[PDB]
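Commentary on secondary and tertiary structure
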Amino acid sequence: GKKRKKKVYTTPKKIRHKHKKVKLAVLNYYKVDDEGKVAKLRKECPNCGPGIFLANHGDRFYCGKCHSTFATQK
Amino acid sequence: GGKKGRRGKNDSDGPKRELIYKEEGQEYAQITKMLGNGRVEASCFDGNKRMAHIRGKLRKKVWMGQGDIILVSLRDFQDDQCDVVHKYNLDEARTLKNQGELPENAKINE
RNA sequence: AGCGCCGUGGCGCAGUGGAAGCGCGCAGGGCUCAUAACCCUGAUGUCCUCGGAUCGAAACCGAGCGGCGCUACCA
RNA sequence: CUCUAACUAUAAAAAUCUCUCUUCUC
RNA sequence: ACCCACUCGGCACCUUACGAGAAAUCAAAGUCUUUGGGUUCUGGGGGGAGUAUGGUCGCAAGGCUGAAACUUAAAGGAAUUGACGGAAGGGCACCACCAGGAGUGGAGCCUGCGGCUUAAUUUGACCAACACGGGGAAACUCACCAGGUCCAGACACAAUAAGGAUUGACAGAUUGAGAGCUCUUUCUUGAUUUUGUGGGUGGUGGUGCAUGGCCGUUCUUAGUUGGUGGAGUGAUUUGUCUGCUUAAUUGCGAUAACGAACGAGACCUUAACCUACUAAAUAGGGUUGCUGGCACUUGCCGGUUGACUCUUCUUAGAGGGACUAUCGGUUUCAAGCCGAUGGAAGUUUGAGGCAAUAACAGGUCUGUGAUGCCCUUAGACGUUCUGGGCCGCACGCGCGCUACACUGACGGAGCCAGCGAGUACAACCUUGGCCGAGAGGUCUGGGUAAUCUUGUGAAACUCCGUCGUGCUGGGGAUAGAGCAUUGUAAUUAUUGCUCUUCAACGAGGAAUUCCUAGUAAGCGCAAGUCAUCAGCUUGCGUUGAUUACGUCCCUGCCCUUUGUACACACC
RNA sequence: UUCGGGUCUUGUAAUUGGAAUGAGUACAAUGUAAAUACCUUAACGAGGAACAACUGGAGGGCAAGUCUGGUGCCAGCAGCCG
Ligand SMILES: [Mg+2]
Ligand SMILES: [Mg+2]
Ligand SMILES: [Mg+2]
Ligand SMILES: [Mg+2]
Ligand SMILES: [Mg+2]
Ligand SMILES: [Mg+2]
Ligand SMILES: [Mg+2]
Ligand SMILES: [Mg+2]
Ligand SMILES: [Mg+2]
Ligand SMILES: [Mg+2]
Ligand SMILES: [Mg+2]
Ligand SMILES: [Mg+2]
Ligand SMILES: [Mg+2]
Ligand SMILES: [Mg+2]
Ligand SMILES: [Mg+2]
Ligand SMILES: [Mg+2]
Ligand SMILES: [Mg+2]
Ligand SMILES: [Mg+2]
Ligand SMILES: [Mg+2]
Ligand SMILES: [Mg+2]
Ligand SMILES: [Mg+2]
Ligand SMILES: [Mg+2]
Ligand SMILES: [Mg+2]
Ligand SMILES: [Mg+2]
Ligand SMILES: [Mg+2]
Ligand SMILES: [Mg+2]
Ligand SMILES: [Mg+2]
Ligand SMILES: [Mg+2]
Ligand SMILES: [Mg+2]
Ligand SMILES: [Mg+2]
Ligand SMILES: [Mg+2]
Ligand SMILES: [Mg+2]
Ligand SMILES: [Mg+2]
Ligand SMILES: [Mg+2]
Ligand SMILES: [Mg+2]
Ligand SMILES: [Mg+2]
Ligand SMILES: [Mg+2]
Ligand SMILES: [Mg+2]
Ligand SMILES: [Mg+2]
Ligand SMILES: [Zn+2]
């Protein structure tokens, strides 16, 4: 026979890391130059190719696609 | 011992069971004397000597002797008599002794 | 106070001149499907303390200690 | 269809036992 | 006084049912539902109870008469089948004994339980549990514990939602972690998802007292069963037995029994024997070559994958062989038993494999994607990762191992097997040559196997020496240090090796285990566990006995008879 | 020839229609000493015809459930066995 009790935890909780959703996120990446040319506020990643934007957190820029291999100090 | 054992339920709860407390009328008591006809005398921890029936699920399922802590259910219509419902095997009885649900003047130790 | 008795290992006893005893207890083991009965093995000392003789003392004796009983409170 | 024969002779002790009993129709 | 016949009366008796009974049985217990010859006494479920009371008799003891209150669903009669008997008859069993052998129980250790302890020391078994779950677990195993991950939540619907349902992450805090587990910031990803409902899966979670399957046991004994037929009202019984025989419900037989079925036997594997057959460079032998050595006579012991030839041994196919064969005893002279001879073999030739009806609340949900029900199904009892445990230790018990030494230990030398096994999508068995003292290391070469390890050149054993009755050169436990191997990882020593300390142990009480011939016992090897690890198990072979060849005394088993107030059956 | 018309009928459906009728009320009259009440009868009086039938039981005796949920030798049931 087995005599098991209700498990009591010495830990408050660990919560699922909810993904940070951002409304109107894409336009912040770019900048319209008055009905015509456009520029990109973020920096492009060389390894992946054109378009993918580097991530700036503090004194470095970081990629998303090849995220692991690219983190270059500013 | 004997060939009786194989006819039994084989209910093996050897591991440490969780002891059951007292609930609104169920109270702890101590076996004072053994009587006949499957009935016992229980000194309850209230200064009273109730007459407790050896009860179903307990008659020939556990064997109880003099000086055993016990849990017994009362009857509101007749207070003098009651029914033995559960038996504590001298280990959780020590725990209740430290927690002191019963007056500690009743010292029963091997 | 004297005299008679005694000195467990837990209790009742035995030999006391050659060195730890028995029984009843207690612990463990054995027989039995199981218990009791029965069987086996122990673990307990200052056989009360100080001395004499002695290869030997616990005895044998004496220089005392403590407890019981008869004389009986012995101005 | 005919008949009456063979024979022995051991006793030691041993007490007790708790649940629980469950349908048979083509 | 007998003998024969008859009769009356009496205690009785045998057979039988054609009559009676619930039957055991009764010649009355018959002439009773086809109920009536005369007549007296008694009983109306059991207990209370032949008790109290009231009479009456008695010296007394006690006798006669004699309820109720109350309680109870049975008590009781006969017989049937089992079980049991410290009841009987006849047979069996070294899980029984006699005569013995080797032991265990005493010691140390290894392992398995209980208990204690612990966060956990995961759990199931208590003859038929305990070196058992193939349970020799360092990770995994795993089932326990302290923690950390993930969904491996199908599908349907709703819901958000493509101006983001969502996913993932560098670096840092955090963490044991180089875990984007959680946070800091931000970047990436596209309808697979996310949060709710239903539902479904997963579970070494529970229930073997819900079950299957399997195995164990009753029970290694010889025991079961139904069809017609006979006896019983019937449950049941005969067939299934008085004897003798057998290991056997095996037969000879006698018979309300006749024919049959399962079991036993028969049957297969294996071990023998095959100078009879077929054959063999993956097995051996001879002759002869080509050589080596010693002898000198032409001979001895060798080497060669050179040739020819053969199958005695080694193999494995078809077959043969033994059926108690012959003979002598003994047997209602039948089944069969005993002895001798010939044989290879005469215990069923030895050893096994399957192995009947009925049953256990025997074990297993912890082998199964076998499984009903219950539980859980998101910080999970799912799965995975890290570390710990399953091995702790005041203690008891069960398998064993090494020992207590002279029939010995230690040195050399001799040198003998049979079962096996062995690498592929992986890395096995290892020869040989070099190193190291050893474990071991390295370089090569064989073997997917009668080819290579391998003739597994194994131990016990044998011969010659050292030791010399001293807990000693026995015993090698417990420890200290070092060297290696397997392993991601070895501390709580994995294991092997080297030096040292060398403990208890003086043949072990009560008690108890196994075993009658290549047997016990000693001795090791192989295989299963296996990356490394056995003191375990399954097999194999070496050396190889003492003592039976009987019995029912102990423990049980089979059949029959008997008794029972037992049938959850002598617990 | 699969059919299948249902060829010939009998039930089951909150579908659906037309009827009849009281139990009740009530002009009257009968009834009665006088009144009730009954018999008769105007006028009303049925659709869920709510104008609504209970009392016990469903293991056996003994006709009818090994359906669902609850309690778990509790509560209770059961004349007896259970
Ligand atoms: Mg069981
Ligand atoms: Mg009566
Ligand atoms: Mg009577
Ligand atoms: Mg009287
Ligand atoms: Mg009787
Ligand atoms: Mg025995
Ligand atoms: Mg003997
Ligand atoms: Mg031995
Ligand atoms: Mg021993
Ligand atoms: Mg021992
Ligand atoms: Mg343990
Ligand atoms: Mg047996
Ligand atoms: Mg291990
Ligand atoms: Mg783990
Ligand atoms: Mg583990
Ligand atoms: Mg964990
Ligand atoms: Mg599983
Ligand atoms: Mg079972
Ligand atoms: Mg059988
Ligand atoms: Mg018949
Ligand atoms: Mg019969
Ligand atoms: Mg041959
Ligand atoms: Mg003959
Ligand atoms: Mg045989
Ligand atoms: Mg399960
Ligand atoms: Mg799990
Ligand atoms: Mg273990
Ligand atoms: Mg064993
Ligand atoms: Mg030595
Ligand atoms: Mg060989
Ligand atoms: Mg020595
Ligand atoms: Mg093992
Ligand atoms: Mg014999
Ligand atoms: Mg009975
Ligand atoms: Mg008895
Ligand atoms: Mg009703
Ligand atoms: Mg009812
Ligand atoms: Mg009902
Ligand atoms: Mg009925
Ligand atoms: Zn990039």
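How each quantity is defined
- Residues numbered from 1 in each chain as written, not as in the entry; some residues may be left out.
- Chains lettered and ligands numbered in written order.
- Part of a larger assembly, values for the part shown.
- Heavy atoms only, no water.
- Residues with missing side-chain atoms left out of burial classes, pairs and counts.
- Helix = DSSP H or I, 4+ residues; strand = E, 2+ residues; numbered from the N terminus.
- Contact = heavy atoms within 4.5 Å.
- Core = buried A, V, L, I, M, F, W, Y, C linked by side-chain atoms within 4.5 Å.
- Buried < 20%, exposed > 50% of the residue type's maximum accessible area, 1.4 Å probe, protein only.
- Near = heavy atom within 4 Å.
- Polar contact = N/O pair within 3.5 Å; in protein donor to acceptor, adjacent residues only side chain to side chain.
- Nonpolar A, V, L, I, M, F, W, Y, C, P; charged D, E, K, R; others polar.
- Pairing = 2+ DSSP bridges.
- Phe/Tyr/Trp six-rings, centres within 6.5 Å; stacked < 30°, edge-to-face > 60°.
- Arc of directions from axis to C-beta.

When helices and strands are counted, chain B shows 1 helix and 5 strands. Secondary structure of chain B in N-to-C order comes out as β-β-β-β-β-α. With the principal axes as the frame, chain B shows a C-alpha extent of 45 × 30 × 25 Å. For chain B, contacts bridging at least 24 residues in sequence account for 47% of all contacts bridging at least 6.

Time to look at the nonpolar core. All names here are of chain B. Counting 13 residues, the largest nonpolar core has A29, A52, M64, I70, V72 and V84 as its most contacted members. Among the elements that take part in this core, strand β2 (residues 39–44) stands out by supplying 3 residues, more than any other. For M64, the residues in contact, after removing those within four places along its chain, are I31, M34, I54, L58, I70, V84 and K87. Core analysis: the next-biggest nonpolar cluster, separate from the first, contains 8 residues, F45, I69, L71 and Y88 among them.

We now examine the protein's contact with RNA strand D. Residues and elements named next belong to chain B. Every residue close to RNA strand D is listed here: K4, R7, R59, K60, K61 and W63. The sugar-phosphate share of atoms of RNA strand D within 4 Å of the protein amounts to 42%. The contact in question runs from a base oxygen of RNA strand D to an N or O atom on the backbone of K60, over 2.8 Å. Looking at side-chain class alone, the surface near RNA strand D contains 1 nonpolar, no polar and 5 charged residues.

Residue and element names in this part refer to chain B. As a structural note, the neighbourhood of RNA strand F is formed by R55, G56 and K57. By atom count, sugar and phosphate contribute 100% of the portion of RNA strand F lying within 4 Å of the protein. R55 places a polar side-chain atom, nitrogen or oxygen, 2.5 Å from a phosphate oxygen of RNA strand F.

Residue and element names in this part refer to chain A. With respect to topology, 3 strands assemble into an open sheet ordered β3-β4-β5, the strand pairing being antiparallel. For this open sheet the edge positions go to β3 (55–56) and β5 (71–72), each flanked by a neighbour on one side alone. Relative to β5, strand β4 (residues 61–62) runs antiparallel, the two being bridged by 2 bridges. Bridge pairing in β5 places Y62 opposite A71.

Another aspect to go through is the environment of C48 of chain A. Residues and elements named next belong to chain A. Looking at the element boundaries, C48 is found in the loop between β2 (38–40) and β3. Measuring from C-alpha to C-alpha, the distance between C48 and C66 comes to 6.9 Å, with 18 residues separating the pair along the chain. If we ignore the near neighbours within four places in the chain, the residues touching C48 are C63, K65 and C66.

The next thing to look at is the packing of aromatic side chains. Inspection of every chain in the model, using the stated rule, returns 3 aromatic pairs over all chains. Residues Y29 of chain A and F53 of chain A carry aromatic rings whose centres are separated by 5.1 Å and whose planes lie at 50° to one another, so their mutual orientation is tilted. Here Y29 of chain A is found in the segment before β1 (30–32), whereas its partner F53 of chain A is found in the loop between β2 and β3, with 24 residues between them in sequence. Residues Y28 of chain B and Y88 of chain B carry aromatic rings whose centres are separated by 6.3 Å and whose planes lie at 65° to one another, so their mutual orientation is edge-to-face. Taken together, the residues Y28 of chain B in strand β1 (residues 26–34) and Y88 of chain B in the loop between β5 (81–87) and α1 (92–99) connect sequence positions 60 residues apart. A residue is classified by how much of its surface remains accessible, and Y28 of chain B, at 4% relative accessible area, is buried.

Residue and element names in this part refer to chain B. When we look at burial in α1, the residues that qualify are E92, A93, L96 and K97. With its buried residues spanning 155° around the axis, α1 presents them on a single face. When the buried face of α1 is taken as reference, the exposed residues oriented beyond 90 degrees from it are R94, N98 and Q99. On its buried side, α1 packs onto β4 (69–73).

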